[PDB]
>>> print(open('entry38.pdb').read())   # PDB, C-alpha atoms (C1' of nucleotides)
ATOM      1  CA  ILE C   4      51.017  19.621  21.149
ATOM      2  CA  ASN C   5      53.680  19.686  18.410
ATOM      3  CA  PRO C   6      51.918  20.677  15.120
ATOM      4  CA  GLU C   7      55.047  20.141  12.952
ATOM      5  CA  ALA C   8      54.452  16.434  12.221
ATOM      6  CA  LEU C   9      50.845  17.003  10.999
ATOM      7  CA  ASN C  10      52.136  19.896   8.804
ATOM      8  CA  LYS C  11      54.820  17.554   7.370
ATOM      9  CA  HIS C  12      52.059  15.184   6.120
ATOM     10  CA  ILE C  13      50.352  18.152   4.332
ATOM     11  CA  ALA C  14      52.896  18.091   1.457
ATOM     12  CA  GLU C  15      52.370  14.276   1.071
ATOM     13  CA  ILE C  16      48.568  14.421   0.461
ATOM     14  CA  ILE C  17      49.106  17.470  -1.835
ATOM     15  CA  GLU C  18      50.499  15.022  -4.462
ATOM     16  CA  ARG C  19      47.074  13.774  -5.697
ATOM     17  CA  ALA C  20      45.034  16.941  -4.912
ATOM     18  CA  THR C  21      45.925  18.867  -8.154
ATOM     19  CA  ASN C  22      43.335  21.747  -7.697
ATOM     20  CA  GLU C  23      42.936  25.235  -9.216
ATOM     21  CA  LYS C  24      46.382  25.977  -7.537
ATOM     22  CA  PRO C  25      46.586  29.880  -7.822
ATOM     23  CA  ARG C  26      49.827  30.587  -5.788
ATOM     24  CA  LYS C  27      48.745  27.593  -3.630
ATOM     25  CA  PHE C  28      50.680  24.367  -2.960
ATOM     26  CA  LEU C  29      47.954  22.592  -5.023
ATOM     27  CA  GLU C  30      45.470  23.770  -2.230
ATOM     28  CA  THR C  31      44.848  26.176   0.723
ATOM     29  CA  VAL C  32      45.707  25.299   4.403
ATOM     30  CA  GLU C  33      43.133  25.994   7.202
ATOM     31  CA  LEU C  34      42.969  26.186  11.045
ATOM     32  CA  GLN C  35      39.610  25.036  12.540
ATOM     33  CA  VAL C  36      39.163  25.761  16.260
ATOM     34  CA  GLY C  37      36.372  24.307  18.446
ATOM     35  CA  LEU C  38      35.338  26.295  21.551
ATOM     36  CA  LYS C  39      34.388  25.614  25.196
ATOM     37  CA  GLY C  40      33.000  27.804  28.048
ATOM     38  CA  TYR C  41      31.442  30.307  25.575
ATOM     39  CA  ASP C  42      27.973  30.869  23.981
ATOM     40  CA  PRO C  43      26.533  33.543  21.516
ATOM     41  CA  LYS C  44      24.445  35.323  24.213
ATOM     42  CA  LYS C  45      27.337  36.365  26.548
ATOM     43  CA  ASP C  46      29.724  39.117  25.318
ATOM     44  CA  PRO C  47      33.573  38.546  25.486
ATOM     45  CA  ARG C  48      33.337  38.802  21.610
ATOM     46  CA  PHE C  49      36.528  40.312  20.090
ATOM     47  CA  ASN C  50      37.340  41.287  16.456
ATOM     48  CA  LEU C  51      41.150  41.709  16.030
ATOM     49  CA  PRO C  52      44.180  40.846  13.756
ATOM     50  CA  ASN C  62      44.898  33.212  -4.097
ATOM     51  CA  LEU C  63      44.275  36.273  -1.811
ATOM     52  CA  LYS C  64      42.860  39.408  -3.529
ATOM     53  CA  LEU C  65      41.884  43.069  -2.783
ATOM     54  CA  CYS C  66      39.622  45.268  -5.018
ATOM     55  CA  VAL C  67      41.527  48.431  -5.918
ATOM     56  CA  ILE C  68      38.725  51.040  -5.865
ATOM     57  CA  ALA C  69      41.257  53.852  -6.245
ATOM     58  CA  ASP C  70      42.532  56.685  -8.467
ATOM     59  CA  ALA C  71      45.561  57.644 -10.652
ATOM     60  CA  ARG C  72      48.936  55.846  -9.925
ATOM     61  CA  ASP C  73      47.180  53.338  -7.619
ATOM     62  CA  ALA C  74      45.407  52.320 -10.862
ATOM     63  CA  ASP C  75      48.736  52.298 -12.796
ATOM     64  CA  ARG C  76      50.411  50.009 -10.240
ATOM     65  CA  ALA C  77      47.225  47.844 -10.061
ATOM     66  CA  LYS C  78      47.367  46.948 -13.781
ATOM     67  CA  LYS C  79      51.150  46.323 -13.423
ATOM     68  CA  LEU C  80      50.559  44.163 -10.262
ATOM     69  CA  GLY C  81      47.403  42.510 -11.725
ATOM     70  CA  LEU C  82      44.599  43.918  -9.470
ATOM     71  CA  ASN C  83      41.267  45.265 -10.913
ATOM     72  CA  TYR C  84      41.021  49.108 -10.636
ATOM     73  CA  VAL C  85      37.784  51.232 -10.652
ATOM     74  CA  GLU C  86      36.553  54.855  -9.995
ATOM     75  CA  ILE C  87      33.486  57.049 -10.902
ATOM     76  CA  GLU C  88      32.261  54.783 -13.757
ATOM     77  CA  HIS C  89      30.235  52.404 -11.485
ATOM     78  CA  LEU C  90      30.040  55.066  -8.707
ATOM     79  CA  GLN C  91      27.221  56.859 -10.632
ATOM     80  CA  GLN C  92      25.944  53.468 -11.955
ATOM     81  CA  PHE C  93      25.461  52.525  -8.251
ATOM     82  CA  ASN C  94      22.638  55.102  -8.227
ATOM     83  CA  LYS C  95      21.235  53.349 -11.383
ATOM     84  CA  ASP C  96      21.268  49.820  -9.766
ATOM     85  CA  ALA C  97      21.361  49.039  -5.994
ATOM     86  CA  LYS C  98      22.048  45.294  -6.707
ATOM     87  CA  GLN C  99      25.307  46.644  -8.288
ATOM     88  CA  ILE C 100      26.777  47.176  -4.768
ATOM     89  CA  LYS C 101      26.070  43.503  -3.866
ATOM     90  CA  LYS C 102      27.454  42.324  -7.231
ATOM     91  CA  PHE C 103      30.825  44.064  -6.825
ATOM     92  CA  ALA C 104      31.202  43.234  -3.091
ATOM     93  CA  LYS C 105      31.129  39.474  -3.875
ATOM     94  CA  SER C 106      33.422  40.142  -6.896
ATOM     95  CA  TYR C 107      36.363  40.755  -4.536
ATOM     96  CA  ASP C 108      36.821  38.689  -1.366
ATOM     97  CA  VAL C 109      38.839  41.532   0.233
ATOM     98  CA  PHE C 110      38.602  45.175  -0.980
ATOM     99  CA  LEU C 111      40.968  48.176  -1.151
ATOM    100  CA  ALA C 112      39.581  51.766  -1.112
ATOM    101  CA  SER C 113      41.581  54.946  -1.889
ATOM    102  CA  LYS C 114      42.382  57.583   0.798
ATOM    103  CA  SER C 115      42.183  60.201  -2.012
ATOM    104  CA  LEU C 116      38.960  58.556  -3.369
ATOM    105  CA  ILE C 117      37.447  58.434   0.158
ATOM    106  CA  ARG C 118      35.359  61.509  -0.750
ATOM    107  CA  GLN C 119      33.347  59.856  -3.586
ATOM    108  CA  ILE C 120      32.504  56.510  -1.831
ATOM    109  CA  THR C 121      31.827  57.960   1.676
ATOM    110  CA  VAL C 122      28.998  60.235   0.405
ATOM    111  CA  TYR C 123      27.770  57.420  -1.915
ATOM    112  CA  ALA C 124      27.627  53.591  -1.691
ATOM    113  CA  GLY C 125      30.681  52.980   0.529
ATOM    114  CA  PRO C 126      28.353  52.149   3.550
ATOM    115  CA  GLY C 127      26.021  50.590   0.958
ATOM    116  CA  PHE C 128      28.920  48.245   0.122
ATOM    117  CA  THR C 129      28.913  47.375   3.856
ATOM    118  CA  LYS C 130      25.104  46.769   3.784
ATOM    119  CA  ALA C 131      25.917  43.561   1.847
ATOM    120  CA  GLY C 132      29.045  43.431   4.075
ATOM    121  CA  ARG C 133      32.134  44.944   2.359
ATOM    122  CA  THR C 134      34.319  47.809   3.681
ATOM    123  CA  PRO C 135      37.267  48.682   1.376
ATOM    124  CA  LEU C 136      40.705  49.642   2.872
ATOM    125  CA  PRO C 137      42.010  53.276   2.412
ATOM    126  CA  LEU C 138      45.009  53.714   0.046
ATOM    127  CA  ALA C 139      46.730  56.930  -1.158
ATOM    128  CA  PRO C 140      48.621  55.909  -4.402
ATOM    129  CA  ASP C 141      52.106  57.063  -3.149
ATOM    130  CA  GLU C 142      51.699  54.799  -0.040
ATOM    131  CA  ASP C 143      52.471  51.290  -1.340
ATOM    132  CA  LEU C 144      49.262  49.530  -2.368
ATOM    133  CA  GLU C 145      51.942  46.862  -3.014
ATOM    134  CA  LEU C 146      53.035  46.457   0.644
ATOM    135  CA  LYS C 147      49.425  46.641   1.918
ATOM    136  CA  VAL C 148      48.821  43.350  -0.006
ATOM    137  CA  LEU C 149      51.625  41.810   2.121
ATOM    138  CA  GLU C 150      49.785  42.969   5.324
ATOM    139  CA  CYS C 151      46.910  40.655   4.254
ATOM    140  CA  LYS C 156      41.812  37.426  12.565
ATOM    141  CA  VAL C 157      39.529  36.871  15.613
ATOM    142  CA  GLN C 158      35.722  37.214  15.262
ATOM    143  CA  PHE C 159      33.816  35.618  18.135
ATOM    144  CA  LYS C 160      30.609  37.695  17.591
ATOM    145  CA  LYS C 161      27.779  35.095  17.690
ATOM    146  CA  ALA C 162      29.861  32.290  16.070
ATOM    147  CA  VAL C 163      31.037  29.667  18.648
ATOM    148  CA  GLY C 164      33.011  27.708  15.999
ATOM    149  CA  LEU C 165      35.799  29.706  14.285
ATOM    150  CA  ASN C 166      37.536  28.525  11.061
ATOM    151  CA  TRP C 167      40.312  30.711   9.539
ATOM    152  CA  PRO C 168      42.781  29.917   6.634
ATOM    153  CA  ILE C 169      46.543  29.678   7.363
ATOM    154  CA  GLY C 170      46.433  30.526   3.644
ATOM    155  CA  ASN C 171      47.110  29.164   0.149
ATOM    156  CA  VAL C 172      50.558  29.024   1.771
ATOM    157  CA  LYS C 173      53.066  26.655   0.071
ATOM    158  CA  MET C 174      55.634  28.672   2.103
ATOM    159  CA  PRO C 175      57.900  26.666   4.512
ATOM    160  CA  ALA C 176      56.126  24.591   7.210
ATOM    161  CA  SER C 177      58.165  26.582   9.807
ATOM    162  CA  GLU C 178      56.389  29.806   8.623
ATOM    163  CA  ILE C 179      53.122  27.745   8.616
ATOM    164  CA  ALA C 180      53.690  26.762  12.261
ATOM    165  CA  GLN C 181      54.480  30.371  13.222
ATOM    166  CA  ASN C 182      51.022  31.382  11.943
ATOM    167  CA  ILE C 183      49.378  28.303  13.568
ATOM    168  CA  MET C 184      50.866  29.546  16.833
ATOM    169  CA  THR C 185      50.245  33.260  16.525
ATOM    170  CA  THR C 186      46.477  32.753  15.989
ATOM    171  CA  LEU C 187      46.408  30.210  18.870
ATOM    172  CA  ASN C 188      48.144  32.434  21.499
ATOM    173  CA  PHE C 189      45.979  35.357  20.247
ATOM    174  CA  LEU C 190      42.746  33.296  20.485
ATOM    175  CA  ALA C 191      43.448  32.551  24.171
ATOM    176  CA  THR C 192      44.504  36.192  24.704
ATOM    177  CA  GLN C 193      41.027  37.014  23.297
ATOM    178  CA  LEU C 194      39.290  34.248  25.419
ATOM    179  CA  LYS C 195      38.707  35.226  29.082
ATOM    180  CA  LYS C 196      39.420  31.733  30.516
ATOM    181  CA  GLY C 197      42.483  31.478  28.255
ATOM    182  CA  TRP C 198      43.887  28.481  26.307
ATOM    183  CA  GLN C 199      41.473  26.203  28.257
ATOM    184  CA  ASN C 200      38.422  27.727  26.519
ATOM    185  CA  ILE C 201      39.166  25.889  23.238
ATOM    186  CA  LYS C 202      38.116  22.238  22.754
ATOM    187  CA  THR C 203      39.937  21.406  19.431
ATOM    188  CA  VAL C 204      42.575  22.756  16.920
ATOM    189  CA  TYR C 205      42.685  21.292  13.363
ATOM    190  CA  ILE C 206      45.069  21.817  10.370
ATOM    191  CA  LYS C 207      43.803  20.747   6.879
ATOM    192  CA  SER C 208      44.148  20.867   3.031
ATOM    193  CA  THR C 209      41.300  22.445   0.959
ATOM    194  CA  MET C 210      39.900  19.008  -0.040
ATOM    195  CA  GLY C 211      42.175  17.193   2.441
ATOM    196  CA  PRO C 212      41.575  15.786   5.948
ATOM    197  CA  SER C 213      42.143  17.653   9.282
ATOM    198  CA  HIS C 214      45.176  16.943  11.572
ATOM    199  CA  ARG C 215      45.439  18.120  15.249
ATOM    200  CA  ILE C 216      47.929  20.312  17.181
TER     201      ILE C 216
ATOM    202  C1'   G A   1     -22.272  57.893 119.392
ATOM    203  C1'   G A   2     -21.643  64.855 117.368
ATOM    204  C1'   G A   3     -16.343  65.586 117.298
ATOM    205  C1'   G A   4     -11.133  64.021 118.567
ATOM    206  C1'   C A   5     -10.039  64.779 109.560
ATOM    207  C1'   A A   6     -10.888  58.511 116.885
ATOM    208  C1'   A A   7      -7.871  53.228 115.726
ATOM    209  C1'   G A   8      -6.646  49.561 112.114
ATOM    210  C1'   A A   9      -3.366  48.779 107.587
ATOM    211  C1'   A A  10       4.009  52.136 104.525
ATOM    212  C1'   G A  11      -4.450  52.832  99.853
ATOM    213  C1'   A A  12      -4.920  46.853  97.332
ATOM    214  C1'   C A  13      -8.202  52.734  93.300
ATOM    215  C1'   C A  14      -5.252  56.323  89.877
ATOM    216  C1'   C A  15      -0.250  58.219  88.371
ATOM    217  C1'   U A  16       5.275  57.499  88.606
ATOM    218  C1'   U A  17       9.641  53.956  88.458
ATOM    219  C1'   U A  18      14.428  52.543  82.471
ATOM    220  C1'   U A  19      10.426  47.603  89.917
ATOM    221  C1'   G A  20       8.082  42.663  89.194
ATOM    222  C1'   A A  21       4.992  38.430  88.349
ATOM    223  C1'   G A  22       0.669  35.374  86.079
ATOM    224  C1'   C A  23      -1.454  34.742  81.168
ATOM    225  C1'   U A  24      -1.431  35.503  75.682
ATOM    226  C1'   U A  25       0.013  35.893  70.707
ATOM    227  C1'   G A  26       0.558  36.539  64.156
ATOM    228  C1'   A A  27       6.434  40.843  69.971
ATOM    229  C1'   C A  28      12.046  40.096  69.843
ATOM    230  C1'   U A  29      15.420  35.959  70.732
ATOM    231  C1'   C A  30      15.203  30.949  71.188
ATOM    232  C1'   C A  31      14.722  25.376  73.487
ATOM    233  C1'   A A  32      12.844  20.368  74.206
ATOM    234  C1'   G A  33       9.922  17.255  71.102
ATOM    235  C1'   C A  34       8.792  15.300  66.349
ATOM    236  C1'   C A  35       9.418  15.161  60.944
ATOM    237  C1'   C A  36      12.820  14.770  57.041
ATOM    238  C1'   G A  37      17.569  13.822  54.255
ATOM    239  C1'   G A  38      22.611  11.922  53.932
ATOM    240  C1'   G A  39      26.905   9.628  56.657
ATOM    241  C1'   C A  40      28.459   5.810  60.485
ATOM    242  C1'   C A  41      26.577   1.259  62.428
ATOM    243  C1'   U A  42      26.546  -2.744  58.013
ATOM    244  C1'   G A  43      27.214  -8.163  55.739
ATOM    245  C1'   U A  44      26.953 -11.165  51.195
ATOM    246  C1'   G A  45      25.087 -11.100  46.215
ATOM    247  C1'   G A  46      22.114 -10.047  41.590
ATOM    248  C1'   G A  47      20.140  -6.383  38.449
ATOM    249  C1'   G A  48      17.978  -1.821  36.209
ATOM    250  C1'   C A  49      17.601   3.509  34.723
ATOM    251  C1'   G A  50      19.835   8.159  34.111
ATOM    252  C1'   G A  51      24.396  11.791  33.645
ATOM    253  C1'   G A  52      29.426  12.633  31.911
ATOM    254  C1'   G A  53      33.154  10.937  28.554
ATOM    255  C1'   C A  54      33.698   8.660  24.124
ATOM    256  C1'   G A  55      31.494   7.284  19.800
ATOM    257  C1'   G A  56      29.278   5.856  14.718
ATOM    258  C1'   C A  57      25.372   7.648  11.879
ATOM    259  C1'   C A  58      20.859  10.583  10.510
ATOM    260  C1'   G A  59      18.644  15.090   9.969
ATOM    261  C1'   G A  60      16.998  20.916   9.855
ATOM    262  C1'   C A  61      11.235  25.509   4.938
ATOM    263  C1'   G A  62       9.819  33.700   5.002
ATOM    264  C1'   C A  63      10.420  32.422  -0.221
ATOM    265  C1'   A A  64      13.982  35.891  -2.916
ATOM    266  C1'   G A  65      16.261  32.910  -5.720
ATOM    267  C1'   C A  66      16.382  26.615  -7.859
ATOM    268  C1'   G A  67      14.661  24.237  -4.851
ATOM    269  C1'   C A  68      13.808  23.045   3.090
ATOM    270  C1'   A A  69      19.537  26.932   1.883
ATOM    271  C1'   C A  70      21.864  24.932  10.287
ATOM    272  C1'   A A  71      26.221  27.678  10.546
ATOM    273  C1'   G A  72      31.904  28.881  10.362
ATOM    274  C1'   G A  73      35.576  28.235   6.840
ATOM    275  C1'   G A  74      38.245  26.681   2.431
ATOM    276  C1'   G A  75      36.828  26.390  -2.996
ATOM    277  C1'   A A  76      36.668  27.559  -8.659
ATOM    278  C1'   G A  77      37.301  23.456 -10.226
ATOM    279  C1'   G A  78      37.738  19.190  -7.805
ATOM    280  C1'   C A  79      36.360  14.154  -8.073
ATOM    281  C1'   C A  80      29.371  13.189  -9.158
ATOM    282  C1'   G A  81      28.546  12.011 -15.388
ATOM    283  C1'   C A  82      28.555  17.211 -10.398
TER     284        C A  82
END
>>> encode(input="entry38.pdb", output="structure tokens")
Amino acid sequence: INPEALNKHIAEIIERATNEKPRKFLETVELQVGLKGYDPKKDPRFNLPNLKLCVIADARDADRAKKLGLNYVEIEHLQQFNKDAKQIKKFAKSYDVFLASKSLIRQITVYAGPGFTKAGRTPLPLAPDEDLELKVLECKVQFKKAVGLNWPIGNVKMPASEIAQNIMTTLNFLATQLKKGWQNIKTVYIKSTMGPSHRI
RNA sequence: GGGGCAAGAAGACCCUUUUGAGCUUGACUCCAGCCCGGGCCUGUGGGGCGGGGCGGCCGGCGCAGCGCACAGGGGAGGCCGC
């Protein structure tokens, strides 16, 4: 049950991995959970709660975004969205997670903001005075029709004790989401990006 | 032998009764009988198939695109010269 020993090995295999390593300990850690007593047809589905967010925002949010290092955009490609509809698929893939503006809600809501979600991207509302900076820090369950759920503990090189806190939070939450409870999950795995999986 | 509505015989016809019986069925509720399955009786052996668990490995076409994309993640570089 103790996941600490398997986490302790993670640093050891990291030695030969190398990798792209953006704010990663030479890789990204993952939690892969198998499932039992559940199928896509029935409905106890629940959606609940380096890394990046697309700052589709306005003045000040843009100024902090260049200073932080996040891409910032407004009406330039808003109108160009009318010119190309593939443009909304191109920019949704361009940013794994997105970040809308509360002030700039007006322009995207009337336009391609739900179009962004047609490909599958909904940006997160941000007034510039509210800290776009601390929203990054804020950054889940998704049974839907997927029986097998894999999430990333993160490109975390942070202490293994923090790593085990997140390995636990997801796990108690997954059971809280599963009607049987902790006995609806067949397997729990912890692994490096190109490295092998280790159990709980 | 006309009458004594002469005598038998608490009409056996037909009604009534929360009164019966015999028979019937595809009435309601059932019982023997029988058929069927498993347990017990009930020993001493030899096999074979299938499930579950494990456990290797192999696969999967609307073409749009680059081709059969099984999917959930990681992932821009690893370790394929990819």
>>> atom_distance(input="entry38.pdb", atom1="CA of residue 106 (chain C)", atom2="CA of residue 128 (chain C)")
11.6 Å
>>> interface_residues(input="entry38.pdb", of="chain A", to="chain C", cutoff="8 Å", atoms="all atoms listed in the file", output="VMD selection string")
chain A and resid 72 to 78
>>> atom_distance(input="entry38.pdb", atom1="CA of residue 65 (chain C)", atom2="CA of residue 81 (chain C)")
10.5 Å
>>> residues_near_point(input="entry38.pdb", point="(26.2, 51.4, -4.3)", cutoff="10 Å", atoms="all atoms listed in the file", output="list in words")
residues 89, 90, 91, 92, 93, 94, 95, 96, 97, 98, 99, 100, 101, 102, 103, 104, 120, 123, 124, 125, 126, 127, 128, 129, 130 and 131 of chain C
>>> atom_distance(input="entry38.pdb", atom1="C1' of residue 14 (chain A)", atom2="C1' of residue 27 (chain A)")
27.8 Å
>>> resolve_selection(input="entry38.pdb", expression="the PyMOL selection byres ((chain C and resi 173-182) around 7)", output="ChimeraX atom specification")
/C:6-7,10,27-28,169,171-172,183-186
>>> closest_residue(input="entry38.pdb", among="C:29, C:117, C:47, C:187", to="residue 16 (chain C)", atoms="all atoms listed in the file")
C:29
>>> resolve_selection(input="entry38.pdb", expression="the PyMOL selection byres ((chain A and resi 70) around 12)", output="ChimeraX atom specification")
/A:59-61,68-69,71-72
>>> write_last_selection(input="entry38.pdb", atoms="C-alpha atoms (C1' of nucleotides)", output="PDB file, in the frame of the given file")
ATOM      1  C1'   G A  59      18.644  15.090   9.969  1.00  0.00           C
ATOM      2  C1'   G A  60      16.998  20.916   9.855  1.00  0.00           C
ATOM      3  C1'   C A  61      11.235  25.509   4.938  1.00  0.00           C
ATOM      4  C1'   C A  68      13.808  23.045   3.090  1.00  0.00           C
ATOM      5  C1'   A A  69      19.537  26.932   1.883  1.00  0.00           C
ATOM      6  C1'   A A  71      26.221  27.678  10.546  1.00  0.00           C
ATOM      7  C1'   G A  72      31.904  28.881  10.362  1.00  0.00           C
TER       8        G A  72
END
>>> resolve_selection(input="entry38.pdb", expression="the PyMOL selection byres ((chain C and resi 49) around 12)", output="PyMOL selection string")
chain C and resi 45-48+50-52+156-162+189-195
